[PDB]
């Protein structure tokens, strides 16, 4: 069987609930931690099903972990260790945010608490970020091709070409984004991603550049699904991903469906 499957069989209500089947504890990471600006480790408390994978969540330009805080309980309650991080400075560039996503992942694996270490499978790590943090999520996978999943949310980056990414990438964009317009960022990024890569692109109808900062079930249900499918190799969630979702909130959805099991 799949030794990484956690929780009951998924239903579209289970991927949409604010609280998943797991109960979450936290650990404050002080900013004096080396390589990044600290953050908050949300982790599941039930250890009887085995350890979990982890995702590091990066904020945007001039932002902090508060803008990403809702992902903490929302995602970790479904079977993941969620690290909402701060950056070294509020003004760090997307390339810097990739290093600090990896620096936070090193901290989970190498330096975190026994509470967190004992619940962590250090082989299953993912990245996710907002805006310049999303460009850092793309930068992180170029720097660490062994990452399991990458979710750039309304991503912003100068470089448009990611033709050597090997990590399954899920780019979410905002229809009315004029800070990182999807015609020049999100869609070019997704298009230049390898056509053989497990990848999807979800555009939210009438959303702004700051929609990933407000709780959104359309984002959460398919962020949880994408992590389940690629961090847990849990094909029970392939149903919600392939074929493409038809949600009313979604204005456009491209993908390399189906995501055959590698």
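Residue numbers count along the first chain shown, from 1.
J.: Would 72-80 or 140-148 have the larger average of its C-alpha temperature factors, as given in the entry?
T.: Mean CA B-factor is higher for 72-80.
J.: Read off the CA B-factors in the entry, average them over 211-219 and over 42-50, and name the higher stretch.
T.: Stretch with the higher mean C-alpha B-factor: 42-50.
J.: Quick check for you: using the entry's CA B-factors within this chain, is residue 121 in the lowest, middle or highest third?
T.: Middle third.
J.: Considering only modelled residues of the same chain, in which third does the CA B-factor of residue 35 rank: lowest, middle or highest?
T.: Its C-alpha B-factor, which the entry lists for residue 35, ranks in the middle third among residues of this chain.
J.: Considering every modelled residue of the chain and its Cα B-factor in the PDB entry, is residue 99 in the lowest, middle or highest third?
T.: Lowest third - that is where residue 99 ends up once the chain's C-alpha B-factors are sorted.
J.: Sorting the chain's modelled residues by C-alpha B-factor, tell me whether residue 178 ends up in the lowest, middle or highest third.
T.: Ranked within chain, residue 178 CA B lands in the lowest tercile.
J.: Using only modelled residues of the chain, where does the Cα B factor of residue 194 rank: lowest third, middle third or highest third?
T.: Its C-alpha B-factor belongs to the middle third of this chain's values.
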